[PDB]
Structure formats: C-alpha cells, structure tokens
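Bear in mind these aren't lab numbers, they're just calculated from the coordinates by the rules spelled out. Ideal geometry is used to build each Cβ from the backbone, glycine not excepted, and the neighbour counts take in all protein chains shown.
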Amino acid sequence: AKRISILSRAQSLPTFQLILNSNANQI
Amino acid sequence: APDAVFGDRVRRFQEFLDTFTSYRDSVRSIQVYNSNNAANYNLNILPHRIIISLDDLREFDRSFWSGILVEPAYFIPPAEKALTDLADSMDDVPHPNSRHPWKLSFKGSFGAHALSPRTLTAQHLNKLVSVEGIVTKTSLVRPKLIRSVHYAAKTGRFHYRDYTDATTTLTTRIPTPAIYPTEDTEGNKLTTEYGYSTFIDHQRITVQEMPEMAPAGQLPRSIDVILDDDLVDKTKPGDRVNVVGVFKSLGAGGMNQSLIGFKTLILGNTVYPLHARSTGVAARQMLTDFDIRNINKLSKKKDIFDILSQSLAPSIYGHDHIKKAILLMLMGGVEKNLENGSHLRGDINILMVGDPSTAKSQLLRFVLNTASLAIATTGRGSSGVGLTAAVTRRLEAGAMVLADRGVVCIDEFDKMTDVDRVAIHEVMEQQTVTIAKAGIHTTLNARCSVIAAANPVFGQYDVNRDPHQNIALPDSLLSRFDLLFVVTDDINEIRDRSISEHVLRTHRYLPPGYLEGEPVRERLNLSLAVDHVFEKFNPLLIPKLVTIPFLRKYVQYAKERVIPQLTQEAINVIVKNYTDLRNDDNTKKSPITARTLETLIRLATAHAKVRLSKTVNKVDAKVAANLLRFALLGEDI
Amino acid sequence: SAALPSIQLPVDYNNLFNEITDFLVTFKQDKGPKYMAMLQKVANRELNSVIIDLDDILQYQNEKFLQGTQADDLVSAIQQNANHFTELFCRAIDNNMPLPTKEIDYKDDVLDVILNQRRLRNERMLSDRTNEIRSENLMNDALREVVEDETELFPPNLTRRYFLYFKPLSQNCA
Ligand SMILES: Nc1ncnc2c1ncn2[C@@H]1O[C@H](COP(=O)(O)OP(=O)(O)O)[C@@H](O)[C@H]1O
Ligand SMILES: [Mg+2]
C-alpha cells in the first residue's frame, strides 16, 4: 500500500487491516 | 518555558483579530458593558467569550483554520492568549475593583467535523468537532475548587493553592496532585477562607442522537460534554443541541497498571440550543432595523389584521375567522398577576369540531410549524402523564409543561380519556400542574394556549341536531375553550369548484430552484435559537400576503414589545356585548359564562397587540366581540 | 511541545547550506574553481584532507556584497558554531563530488577500495529497487523517491575518504 500510494500520488498511512472472509464450511 | 511556535501562532491570531475588526468591536462592547453596570451597582456580567467564525479564519489563514479544526490543542490556546492580550490592550478603562483569560467559541462550516454521536468515532479524537444531538441528562452544576485560600492565625497570613485537572487544559500537563493545605509549611494550622477561594461551575451533559435522525429500532449513541463556568445551564434535558468542542481522550484506558478503553468526552467550547418543531426550545429570531421598520409600516395599515389573517394558511381555502382566531392566539392577551397572588389567564384556547377533511389537522400542523414554541400531541397518544408532569424522586416535564409560554396543538381531542381530561381542566384556566405525588408536592407552570381539533359523535355534524349532542364533550371543558368553531363540509357548487381550483393550484407549485420534474428535497429545519415582506406565490387570485418568516417576525415583535392596556371606550363595548350574549336567547354553540367576558377581553387585547397599539381602543373590542359572535352563532355582522 | 520548547534563532541552515554550495562551486579567486580542483584531487585520491579557508569565505562574501547580492555571514556563523558547519560542508562536498578520472588499481589503499565497493553496492541496490518496482507495475520522480525510501544504503559518512578542517581567517586578512 505504501508503494501503491506513493506511486499513485503523482498522477502517512497507518498499518492496514486484513479483513479476511471465506465461504468454507461453518462450525 | 516560552515556545517559539506558540508565540508565532499567538501573533498570527493577533493579525487575524486585527484584520477582522468585528472582534475588537465585540470585545470592546463586552468590556464597556461590564464596566458600566459594575460602576452602576458599585443586571448581569457578560462572559469573557468571543464567537469566532471559522469561515473568516479560513479566508484569512487556511492553515490556522485547519490547525484549529484538526489540532485544536496546539492552535486554540495560542488564539485564546492572543484574544486575552488584545482585550487587556484595549482595557484602558479597567473595570471598577495575561489577566482575565478570554475563552473562544467557534461557529461556521465544519465540513467533515460536523458530526453526530453515532458518527463520532475514535479517529475524530483530539479534533474540534460540532456534534448535533438531543440532551438526555444534565448533571448538577457543581463548583470545582480551582484556588483555595487559607489563613494562618499564628502568623496572620493568607496563603493560597491552585488546583489543576485533566479537563481544564487542551494539552496534557504533568499531573501534580497537590494536597489540600491543612497546615502551613512550618506547622501553623490553616483555616479555609471560603469566599476568597475560587470555585468554577462545572456541568456534565449527555448528548444523544436526535430521534428525528437516529435510525429506527436501533439503540441510540451518546457522548459526554463538559461545560465550565459559562456554558453551564445553557440547555435542559430534551433540548436539541449543537455542541462545538474538542473530542478529548482522558485517563490511560487500562494501560496504567493500578478500563476496557480510553475515557472519551467532549470539552465543550460552544453550546447552541436548536429549534426543532414539537420541542421545548423557542424560536428566537433576529430583528434588523429594516424588519422593525417594515413591521411598523404594515401595522400602520388598517386591514393589517386581514393581511395577517389570509397570509397564515393561503394553502387552506377559507377558514378565515379560524385564521383570525389562530393569529389572535399567536399574539394572545396579557396575563394579570394581582398583588394578592391571583392569576388572570392571557392565553387564548381554540377548539375546532368538524367534519372529516375540512383541514383541522392541516391548520394544527401549520400552527405547529409557524409558532414560536409549539408542541404537537394526539388524543390518547399522550396521557396525563404525557401531557402534564410525571414523577420518575425527580420530575419529568410533560407536553403542556414543556410548552409553557407556548402552544399545544392537540389533534383528535375527542379521543381523550377523562383522566387526561381532568388534568387538561386544570391546565387550561389556572395555567398550573399540581403533582402532589410520591412525596413531590410541586406546582409546575403550564401557561400554554391550547388549540385542538375534534370530530363529532357520528363522524358527520348533523345540522338537524343541536351542538351539545354533536360534540359529546363535558360542558365545563368546553367553557375553557375561548373560541369553539364548528366547521361543516357543505356541498355547494361555488365553493366546490373554488376549493378544487385552489387545491390544484397549490398542487401545481414549483420552488424557485427546482426543475419541472425534480423531487423536492426536504430537511428537518434545525433552526438556531438565537428578504421580502410579501409572498411571491399566492394560491388565491385579493389583498397581499406576507411570507411566513416575516409573519413570525411580526408576531414576535408584537408579542415581546407590545403590552396593551384596556380602556373605558373598549370596556363599554365589551360589557355591552357580554351582557347581550349572556341574556339574549340564540341557542349558542357554546355556553356563556364569566369566562366569556374574559375571552372578550383577551381577544380585544390580542387584536390591540396586532395593531402594535399600547391601548385597547373601541375597534379592538368590536372586532373581538364580532369574532366571538361568529364563533358562538355564525353571524357575519 | 510544552516540554522541549522551541526557540527562534537568527540562523537559517537551508540558505546557509545553499551559500556553502555556491561558495564551493563558484569561488575561483585563489584555472578554475579552487575547491572543485581540490575535490577533483580528492576523488582521484591524491588528497585526503579538505581545508576550508575562512579567508576564502570572507573574500567570497565581500565580492558578493560588492556586486550587490546580499549574502549571509557564513564566516561569523562558522566561528560561532563550528561543529555544525563541518557536518554541513561535508554534505555540500558530497553533493558536488566529482567522479574520479583514475581507476581503482592494486596500489590504492584498502580504505579506498572499501569505499568504492560500498558506493557501487549502494548504487546497485538503488537500481535493484528500481527494476523490482518497475516489474511490479504499480513518473520516474515518484519511482525514485520510493526507491530511496525502500533502500538501506551506506550513509555518506561511510563512503567518505577526506577529512574537513577550518583554517582561521588571518588577522591581516580580517
Ligand atoms: N378547505 C380546504 N381548503 C384546502 N385544502 C383543504 C380543505 N379541506 C381539506 N383540505 C385538504 O384536505 C386534506 C386533508 O385535510 P385534513 O387536515 O387531514 O382534514 P381533517 O381536519 O379532517 O383531519 C389536506 O391535504 C388539505 O389540504
Ligand atoms: Mg384530522
């Protein structure tokens, strides 16, 4: 995200959160 | 130790204050006001607080504006120091008997910081935020010791100690838990000198998301707000509020090894009570000299009453004397408080019994929308507990206690229980609510004017029958209503086509800034409880019609700056009309009692208030009796 | 902020560094600039000590004054606080450091070959960041500025072979 943000600002951010989901079998 | 950045920000805000002269004018006015009644009494003392428009700050210095909005702890103290320096610089004439710290309050557009207790999250912490909500709890206004002064009798010397907490400053200090001095440094016993110690008022209110914008069926969100020494008692529970303050985090949140999370609250800088319909906040309006000039200009006109009568509900066709009565109730009479303690009512009550769809509820909703303070209730939707007060060891004000000095619009009046009816009996004439419940003997003030709508017994007013059988309401209850209007939906071709053309013309209306097929947007009108007189859109096509805001301004001016005095030339007409109404046999819609003499007096006083006259002349009494005779009989003389 | 307060000193180090660079590049009164001649000698490894004459700086300031340009008093700033200007002048020399015209051979010092190795290594790691990010495919200015954020290069004090000294300005030439 740091790489993408700095490369995209030319036409600080905190630690990103991993929101992981799945469709596997549920307990 | 002095900070270079602090001084730089202080001088930048001093430049800002110099650029916008309104702030020296406000501070100078506050200082001269304080000095003038200080010397006068060797009223009240204005606080050392200045409203700062954030839009002007953004125009002057955008980074100072963004610094205040985003980093208030680093930009608000320097600005307050600059304001205090400026105030002490202009203080060439000190008040009789730097110094006197001046606080800042903010107003304007907050952008993303204008939030609600639900949308106020942890990423708004340490930011200047404006939160709109409803006040649900107001703690006791408790003094906080900020300086204790003691006396040592052995040395005969006065000592002192200053106290500091985490909420008194935007920045975090080193905590210094200085103990209360019970003795001198060298062993002498100290005596606390109350009256020389300094106590600062402190209140902690709870602001909850407003019911009109909170999601339905979901538990509401609340936020704590702390007010200090001038923002206390600025609001009451149930008030719509806009609090501007720094969203602060306090404590350690369980990290300091001795909570689940950090203790967060808002350090209130500004409190704005907001006006929402059917709430307990009245509608203060700003009356410029142009507005007062226009009001006097129109009051000079003879037919101003009619001009004010037709401009009330142009959308409703007809109901002209009902509109006259509604305007008179909006003005109202003047209450009398005799020396012995007795009270004479100066509020006008109106009842409208009628057939389905004769706009009784639209005339109630209009009064709710346009009145300075109006509470809308429905029969059996609110009980006597909901209408009058209620014991919770503490009292909770009901519909008619919050509407004190206001209007109560009761729809479906007939569908009201007798338990409510007795409380309404007390509220209408004596204008008081006596609880006498659970050890709480209290007489709350309910000086409210009641306008109500009702349906007949059979749902259709039978002209063959008599009113007493068509109403099915207690006669003692109908006596309290100053004006009882029976409206019947008579099918007549002329008025049939005229009412239908009106209904369609009203439906064929476009706002000035809307397209032909654009859905009209609608906001909740959260007015701040502090440009043409006439209306462009005229449903009737005819006298001129004034705009609703201008009508509200006129009603406010007449209601707050005119107190008519009865005259003998009005008394002769009033007495003659009352004697005739009492003695003449005409099969009146409503009974004639001594209350009828006083509704004559009240209506005459209200019409005198309409003309901005300080004396009730003969014409006022004549028109009052005219409206009353219409309301009792239906005459058009 | 309340602790460790800020103070307003009359010393601006950005334009002082700019003046240092201008003096190093343009001063030639003592065929070309004296100091780039000295840095060219240092690059080729005939010299391992850079002596900054305060007389030269004073003369440069006097010439700048004579032509109308207002120049900050670099000599007085160096005299008042000299430890920071060794640091400053070293950075300025590193910026304007000429490429060596003599290749590294077996008769050079071990320190010289070590410094050459680490210089080439850090330039190669810069290029490697650049190639990797180009392959990632996520303007060359932004690409570079990312590269110097994701590189651990050898700092200039580790790729430095000279020593900096300040010769005092003469009493007669004061
Ligand atoms: N005399 C009238 N003039 C204009 N509109 C009217 C009139 N009578 C009824 N209406 C319309 O009828 C609709 C319903 O009226 P409402 O106030 O709900 O009646 P009710 O008093 O019986 O409850 C409204 O849209 C209102 O504008
Ligand atoms: Mg209705």
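In terms of surrounding Cβ atoms within a 10 Å radius of their Cβ, B:589, C:28, B:324 rank from fewest to most as C:28, B:589, B:324.
Qualifying GluC sites (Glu not before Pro) in segment B:183-229, where qualification requires a DSSP coil assignment and no more than 12 other C-beta atoms within 10 Å, comprise B:186. How would segment C:80-173 be classified by its alpha-carbon gyration tensor: rounded, prolate or oblate, with rounded meaning a/c under 1.5 and the a/b versus b/c comparison settling the rest? Taking the square roots of the gyration eigenvalues as a ≥ b ≥ c, segment C:80-173 is oblate. Most simply put, the protein assembly as shown has about 60% antiparallel DSSP beta bridges, counting only bridges with both residues inside it. Modelled spin labels at residue B:575 and residue C:141, positioned 7 Å past Cα toward Cβ, are 9.5 nm from each other. Net charge dipole, segment B:97-249: roughly 140 debye, given to the nearest 20, about the Cα centre with Cβ charges of +1 for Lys and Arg and -1 for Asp and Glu. Selection among B:178, B:330, B:551 by position relative to the dipole of chain B gives B:178 as farthest towards the positive end (Cβ unit charges, Cα centre).
By the count of neighbouring beta-carbon atoms within 10 Å, fewest first, B:343, B:319, B:532 end up ordered B:532, B:343, B:319.
Spin-label model, residue B:337/residue B:11: points 7 Å from Cα along the beta carbon direction are separated by 5.6 nm. Could you tell me which of rounded, prolate or oblate describes segment B:465-514, using a ≥ b ≥ c as the square roots of the eigenvalues of the alpha-carbon gyration tensor, with rounded for a/c under 1.5 and, failing that, prolate when a/b is larger than b/c and oblate otherwise? Note, shape of segment B:465-514 comes out oblate.
Counting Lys and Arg as +1 and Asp and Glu as -1, what is the net charge of the other residues whose Cβ lies under 11 Å from the Cβ of residue C:115? So the environment of residue C:115 carries a net charge of +3. Between B:374, C:47, B:10, the Cα set farthest toward the positive side of the dipole of the protein assembly as shown (charges on each charged residue's Cβ, about the Cα centre) is that of B:374.
Taking 7 Å along the Cα-to-C-beta vector as the label spot, tell me the residue B:615-residue B:435 distance in nanometres, rounded to one decimal. It works out to 4.7 nm between the two label points. The residue B:297 and residue B:585 beta-carbon pair, evaluated with R₀ = 51 Å, returns a calculated FRET efficiency of approximately 0.65. Qualifying trypsin sites (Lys or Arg not before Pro) in segment C:72-138, where qualification requires a DSSP coil assignment and no more than 13 other C-beta atoms within 10 Å, comprise C:102, C:107. Backbone N atoms of segment C:28-54 closer than 17 Å to the 7 Å Cα→Cβ label point of residue C:102 belong to residues C:37-50. The calculated 222 nm mean residue ellipticity attributable to helices in the protein assembly as shown amounts to -12000 deg cm²/dmol, summing -39500 (n - 2.57) over DSSP H runs of n ≥ 4 and dividing by all residues.
Please work out how many pairs of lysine residues in segment B:124-239 are eight or more positions apart (or on different chains) and have Cα atoms closer than 22 angstrom.
Step by step, the pairs that qualify in segment B:124-239 add up to 5.
The share of C-alpha pairs in the protein assembly as shown whose separation exceeds 52 Å stands at 43 percent. Counting neighbouring beta carbons within 10 Å and listing from fewest to most, the residues B:441, B:425, B:100 come out as B:441, B:100, B:425. Charges were assigned to the Cβ only: +1 to each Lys and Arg, -1 to each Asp and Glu. The resulting dipole of chain B about its Cα centre is roughly 400 debye. Placing unit charges on the Cβ atoms only, positive for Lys and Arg and negative for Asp and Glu, gives the protein assembly as shown a dipole magnitude near 1700 debye about its Cα centre. For segment B:182-308, the residue among B:268, B:220, B:287 whose Cα projects farthest onto the positive side of the dipole built from Cβ charges is B:287. A Förster distance of 22 Å, applied to the separation of the beta-carbon atoms of residue B:421 and residue B:469, puts the FRET efficiency at 0.75.
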